[PDB]
């Protein structure tokens, strides 16, 4: 009778099943999962209203959506600390420790392009910028915090740049029509198409790490929630999350099964 909801998609469905798995492994609490409940504003309201007890929320989403505060930095831990202190104060909400992966914008390149030019980080593109054949989503191309940021902070302009309906880009990168695209760092497609995901070595992109969000009065009543959920703190790399999202979205496995496998492989569950 602890209700854990997820926002829409495979990733939050994996996460809430992880929350269920650790809580049930370590306590006598019974967990009901509510996958695909709805979007951020709706799920946050359900938490505030006591309709659900826990959901996974992103650190950068807290600052921009709920606190309406600018992050002084792009350092992941400083952003989390800001989210957590703000939620505690302004919403009487407890935001527990975040997982490792940072689901933010990413640039990814074909493996062939990475191999020829030894590409590991965005800054490595400088000397090969005229070789880039980019296929960007319209949002990334046109938002001041997307391609414009690449131009300003990394000094990179790609003369060969197309805007593409998001789907077609992976076929185009597969076919060689493009060799670079934007995505979010945990998208299953990046694993599916075997792309090299570049390090944002200048921390241009703002951090979005997931962590459990609940009302403080909930933790007060069920203190035993804290230790289980915090077993996920600092766990799950971008690549591990990519692979799990792939298992659900492409291989058709259930979020519960891929969650349980990961936790077992990590020794978090026996």
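Residue numbers count along the first chain shown, from 1.
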| query | finding |
| --- | --- |
| Stretch exceeding the other in mean C-alpha B-factor - 42-50, 65-73 | 65-73 |
| Segment of higher mean CA temperature factor, 202-210 or 215-223 | 215-223 |
| Identity of residue with top Cα B-factor, from 130, 124, 92, 182 | 92 |
| Identity of residue with top Cα B-factor, from 162, 196, 100, 148 | 162 |
| Record-listed C-alpha B factor of residue 15: chain third | lowest |
| Modelled-residue ranking by C-alpha temperature factor, third containing residue 170 | highest |
| Cα B factor band for residue 111 (lowest, middle or highest third within the chain) | middle |
| Relative C-alpha B-factor of residue 88, binned into the chain's lowest, middle or highest third | highest |
| Third assignment of residue 231 from its chain's C-alpha B-factors | middle |
